[PDB]
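Here's the letter readout for the chains.
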Amino acid sequence: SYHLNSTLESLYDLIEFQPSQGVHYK
Amino acid sequence: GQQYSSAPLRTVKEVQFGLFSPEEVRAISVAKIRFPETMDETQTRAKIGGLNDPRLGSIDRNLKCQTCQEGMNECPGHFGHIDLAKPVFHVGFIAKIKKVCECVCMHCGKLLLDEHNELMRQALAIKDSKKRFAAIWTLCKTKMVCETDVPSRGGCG
Amino acid sequence: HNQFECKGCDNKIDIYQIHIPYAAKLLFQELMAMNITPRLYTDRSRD
Amino acid sequence: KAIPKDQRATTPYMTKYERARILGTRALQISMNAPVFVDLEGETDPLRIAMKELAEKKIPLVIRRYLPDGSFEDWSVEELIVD
Amino acid sequence: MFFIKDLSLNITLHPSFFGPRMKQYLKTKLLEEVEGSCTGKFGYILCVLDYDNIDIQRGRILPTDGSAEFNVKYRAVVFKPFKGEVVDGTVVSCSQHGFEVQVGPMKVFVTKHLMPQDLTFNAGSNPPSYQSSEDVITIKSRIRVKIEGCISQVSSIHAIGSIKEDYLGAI
Amino acid sequence: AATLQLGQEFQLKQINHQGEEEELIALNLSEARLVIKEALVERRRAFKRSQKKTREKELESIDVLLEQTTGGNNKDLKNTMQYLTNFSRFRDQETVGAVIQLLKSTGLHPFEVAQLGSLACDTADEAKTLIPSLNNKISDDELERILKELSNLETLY
Amino acid sequence: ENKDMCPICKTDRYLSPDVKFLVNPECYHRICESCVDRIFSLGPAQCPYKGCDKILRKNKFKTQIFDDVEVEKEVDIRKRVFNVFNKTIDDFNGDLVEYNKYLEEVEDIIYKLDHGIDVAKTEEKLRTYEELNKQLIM
Amino acid sequence: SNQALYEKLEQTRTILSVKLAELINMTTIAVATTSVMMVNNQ
Amino acid sequence: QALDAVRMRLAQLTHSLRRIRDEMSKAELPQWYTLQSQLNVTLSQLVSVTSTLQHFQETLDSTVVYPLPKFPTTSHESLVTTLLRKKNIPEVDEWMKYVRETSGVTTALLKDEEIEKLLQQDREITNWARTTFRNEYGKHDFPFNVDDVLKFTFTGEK
Ligand SMILES: [Zn+2]
Ligand SMILES: [Zn+2]
Ligand SMILES: [Zn+2]
Ligand SMILES: [Zn+2]
């Protein structure tokens, strides 16, 4: 569980929110 | 110019010739044909159950041939039958049947002579059927008595 | 309605179509009227 | 049962019957809008076009010569020596 | 039942389809005729597995017309009904003789005489529904039908079901 | 009927297109959906390859994307997908492998285990009444156990 | 008996008696094969055995070597109740008095069932069967 | 094409609100860690 | 019986986490729908295992498991100790004790004897909150014929 939490945060640090393009990954 | 059919189209290869069994005749036929009259009593249509009823084929184009429907240019025809109360013989077989009557016993229904006879042993080795029936007929037509005991066998006598 | 039968041998599936002259069909029907069976087979059973 | 290519012992020459049926079937296909493999010199008749394809061996067919024992061979019309 | 069987079909092509890409055309035809249709020998043909490794064998030329004949052997998923087979279905059309259950691509019919006595027909409702002593058989209702007999006509298959026996009726 | 005696093409002995012997393949309404829905995916990849040079909405949408692949002549297969999906409780081929492991452990006929996996029952009498071929070929407690493990394998999707 | 085994087929001895004669546990009536097969084949209905009204169900038949309906019912109910009670208060420690008393109670229950009394105690015995089954499930 | 926005948008609203109430009713009641990640995922 | 499903759900857990490993092993991250889907599968497996685990917590604590003489222990010994190690990883126990230190109630309040009242206040606020959600969810709701004309233009009939 804890390890999965680590991944779940890391991916959320690379989210680009655009209303016309969606979610991007920088 | 005929109507299309969905059946697979193939050529005609092997053709087998055989006798018509009465059970197969009754299984192929559709009508019994009991009235010797041709057309109906009203001098029109067909007798319905007679010599030429709509249960068989038809001509005149306008008629439809009940059991195929379609038309006369398409109707192959249909077969009736006649169930006799007394068995009759066929002309082209009158001789053959007679030969059979000279090749088998008239009571126990067994072949004359036996496989113990040397001439019968020689005649049975022939591969041709007509020659076998011929020679076996020449042997069995002479002996006019079935037998019960033959030295090295059915009964009767 | 695309329907076929053969009377006396319990078939409603395997039906073959052949093109023969009408005179040959008259010969076969006369043989059937003369107690002779002109059975036609599209396959070679003797091989 | 399909004799192999190294055992084909039939005549390599195309007979008049084979040429006849090849020109007839090929001309029948050409009459039914078949892809022509040779450039036309202005012909309109299908038989002349079929003979034009046979003169250059551009007919895409192969003959199944039946042997009397029930076997057969596959001699393509391109490898068959015409005339 | 949903079975998988290797089927073979003879495909006829017009002489105008003799291009180098003709194989594709074959497969095309092999789909358009086989998928969705029905046969009285193998049942309702559903899908056709293995589209890449389709055997073509050798094409033969029949005499007249010049059309090409092919013998194709493939693997296909078909549906074949059977007599006395418990299946499930949903009603579509309703009749006084019985409601017509829909089992896959087959529209089975259930005779009113093959139903229990408590199940009665009701025409005053819209749509007309069969009301019993506990269950109400409507169009959108799911009913488990036990097929009693099946008919295998060429390119047309109809079956007859029943729900009189136990462990049957509405789902 | 339903007495383990099907037709000629539906006999226990089948022959593939290579000439080898193979047993009859009987499928229940669980993997039968994943096989059609499975092969339609690779069929979509085959249609998009040559082009170069909650549970119901996804079902109907995928059936539309696959309906665009076909020539609009096989919608009964999609309605059959809605039938199976509306009557399916299984998912994922791994669990299906477990189900085959539980069906083949008793040593029954493929059609029988197909009717076992395709029907939702709670007691053994239900399986013995809906399946006339199974009434004494296998124990009732084992069937109830199979229905228990299956009951643990089903999940509302 | 050789004169009654089916209301329609009561004398099939001179017709080569090759068919069996099944008996339903909810009727205790003899019916020949060709009749009962049509009975449960057309639907679970009652048999016309001398005007019988009890419904004959599908399948669930039995072969009978004939030991009278009384003893057959007493051995069927005897075995069923013996399986419901199982080995409760029997071979748990080795006592002989309480064991024989419990066996006396069971045989008195089977006696009240084969006699019926007034259709009142037998229902309490059925509730006792449901209670014993509930104890066997736990 | 507006009905897809009706059903889709309304579904997102119901999932947002109802899932929010489920969130607050699950924040208030290894079970603890599974509550951590269920709440975080909500 | 339950572990027969625990091994399958943990198998799907290993397969899902391996698929996420393959998706994250690329240079550029692919689509997010597959990532979030695999994450939802992982969470579904974890919750599915913890549910059955918490359902059978009294049965597993009523038995002991240790290998039989039929075991190659004369060659490998530390492995057998790893297969039956109740001791948690030092990270889960370490951060577990740290969280226990950063929970707002320590052992000093155990000496004061005072926890059930705070729990009662908590449950009461659960009731109040659920009532407020009841109210706040109760506040809102959720010409002619072409063939005839042309027939006139060609024939003139009305
Ligand atoms: Zn006719
Ligand atoms: Zn004699
Ligand atoms: Zn009787
Ligand atoms: Zn009775």
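Right, let's walk through the structure included here. (Residues numbered from 1 in each chain as written, not as in the entry; some residues may be left out. Chains lettered and ligands numbered in written order. Part of a larger assembly, values for the part shown. Heavy atoms only, no water. Residues with missing side-chain atoms left out of burial classes, pairs and counts.)

Secondary structure summary: chain E contains one helix and 14 strands in total. Since a compact globule built from 171 residues should have a radius of gyration of about 16 Å, the 22 Å found for chain E marks it as more spread out than a globular shape. Principal-axis analysis of the C-alpha atoms places the extent of chain E at approximately 65 × 25 × 25 Å. For chain E, the proportion of its 171 residues judged to be buried stands at 47%. The contacts of chain E with a sequence gap of at least 6 include a subset with a gap of at least 24, amounting to 61%. About 8,200 Å² of surface is accessible on chain E, with carbon and sulfur atoms providing 51% of the total. Distance from the positive charge centre (19 side chains) to the negative charge centre (18 side chains) of chain E: 5 Å. (Helix = DSSP H or I, 4+ residues; strand = E, 2+ residues; numbered from the N terminus. Rg over C-alpha atoms; globule rule 2.2 N^0.38 Å. Buried < 20%, exposed > 50% of the residue type's maximum accessible area, 1.4 Å probe, protein only. Contact = heavy atoms within 4.5 Å. Areas by Shrake-Rupley, 256 points an atom, 1.4 Å probe, with all protein chains shown as cover. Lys, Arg positive; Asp, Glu negative; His and termini not counted. Charge placed at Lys NZ, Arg CZ, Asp CG, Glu CD.)

Below, the discussion takes up the packing of helix α4 (residues 93-103) of chain F against helix α7 (residues 140-153) of chain F. All names here are of chain F. Relative orientation of the contacting elements α4 and α7 amounts to 175 degrees, with a least axis distance of 11 Å. Judged by the inter-axis angle, α4 sits roughly antiparallel to α7. Between α4 and α7, the contacting residues are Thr95, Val99 and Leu102 on the first element and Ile146, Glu149, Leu150 and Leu153 on the second. (Axes fitted to C-alpha atoms, helices over the stretch in contact; angles between N-to-C directions. Parallel < 35°, antiparallel > 145°, perpendicular 65-115°, else oblique.)

Here the focus is the environment of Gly66 of chain E. Residue and element names in this part refer to chain E. Following the sequence through the fold, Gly66 ends up in the loop between β4 (60-61) and β5 (68-79). The sequence separation of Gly66 and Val92 amounts to 26 residues, and the corresponding C-alpha distance is 47 Å. Contact partners of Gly66, with chain neighbours within four places excluded, come to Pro15 and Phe18.

Turning our eyes to something else, we now look at the interface of chain F and chain E. Taken residue by residue, the interface counts 36 residues in chain F and 33 residues in chain E. It is helix α3 (residues 76-86) of chain F that contributes the most residues to the side of chain F that touches chain E, six residues altogether. The class makeup of the residues in the side of chain F that touches chain E is 21 nonpolar, 10 polar and five charged. (Nonpolar A, V, L, I, M, F, W, Y, C, P; charged D, E, K, R; others polar.)

What follows concerns the pattern of salt bridges. A salt bridge links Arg65 of chain D to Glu18 of chain D; its shortest N-O distance comes to 2.9 Å. Here the residue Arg65 of chain D occupies a position in strand β1 (residues 62-66), and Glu18 of chain D occupies one in helix α1 (residues 16-31), the gap between them amounting to 47 residues. As a salt-bridge pair, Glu148 of chain E and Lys146 of chain E come within 3.5 Å of each other at their nearest N and O atoms. (Salt bridge = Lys/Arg side-chain N within 4 Å of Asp/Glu carboxyl O.)

Looking now at the pairing of strand β13 (residues 156-162) of chain E. Residue and element names in this part refer to chain E. Bridge analysis of strand β8 (residues 106-110) against β13 gives two bridges, and the strand direction is parallel. Paired with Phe109 across the two strands is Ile160, which belongs to β13. Hairpin remark: strand β12 (residues 142-153) followed by β13, antiparallel, with two residues in the connecting loop; positive phi at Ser155, about 55 degrees. (Pairing = 2+ DSSP bridges.)

For the rest of this paragraph, the subject is the packing of aromatic side chains. When the ring of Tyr83 of chain F is compared with that of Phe87 of chain F, the centres are 5.4 Å apart and the planes differ by 85 degrees; the resulting orientation is edge-to-face. Seen from their ring centres, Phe40 of chain G and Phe61 of chain G are 5.5 Å apart, and the 45 degrees between their planes marks the pair as tilted. Of this pair, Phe40 of chain G sits in helix α1 (residues 33-42) while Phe61 of chain G sits in the loop between α1 and α2 (69-85); the two residues are 21 residues apart in sequence, bridging distant segments of the chain. Here the aromatic residues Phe2 and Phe79 of chain E together with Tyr83 and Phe87 of chain F are joined through ring pairs into a cluster of three or more. In this structure, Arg64 of chain D packs its charged tip against the face of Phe72 of chain D, placed 4.4 Å from the ring centre. Directly above the ring of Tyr51 of chain E sits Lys27 of chain E, whose terminal nitrogen or CZ lies 5.3 Å from the centroid. (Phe/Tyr/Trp six-rings, centres within 6.5 Å; stacked < 30°, edge-to-face > 60°. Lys NZ or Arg CZ within 6 Å of the ring centre and 35° of its normal.)

Right, let's get into the arrangement of the chains. Between chains E and F lies the most contact-rich interface of the eight pairs of chains that touch. A minimum C-alpha distance of 57 Å separates chain A and chain C, which share no contact. Taking C-alpha atoms only, the smallest gap left between chain F and chain H, which are not in contact, amounts to 11 Å.

Summarising the element assignment, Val86 of chain E is placed in strand β6 (residues 85-95). Between the alpha carbons of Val86 of chain E and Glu165 of chain E there is a distance of 11 Å; along the sequence they are 79 residues apart. Residues within four places of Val86 of chain E in sequence aside, it is in contact with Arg144, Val145, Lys146 and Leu168 of chain E together with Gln115, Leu119 and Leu130 of chain F.

The next thing to look at is unusual backbone geometry. A cis amide bond links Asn126 of chain E to the next residue, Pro127 of chain E, at an omega of 0 degrees. Mapped onto the elements of the fold, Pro127 of chain E is located in the loop between β9 (120-122) and β10 (129-131).

All names here are of chain E. Taken in spatial order, the three strands line up as β9-β10-β11 in an open sheet, and their pairing is antiparallel. Both outer strands of the open sheet, β9 and β11 (136-137), are each paired with one neighbouring strand and no more. Strand direction decides the pairing type here: β10 and β11, joined by two bridges, are antiparallel. Within β11, the position partnered with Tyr130 by the bridge is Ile137.

Residues and elements named next belong to chain A. In the sheet, strand β1 (residues 15-18) pairs with strand β2 (residues 22-25) via four bridges, with the strands oriented antiparallel. Within the sheet, the bridge partner assigned to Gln18 lies in β2 and is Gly22. Where β1 hands over to β2, the hairpin turn is made up of three residues, counted between the paired strands.

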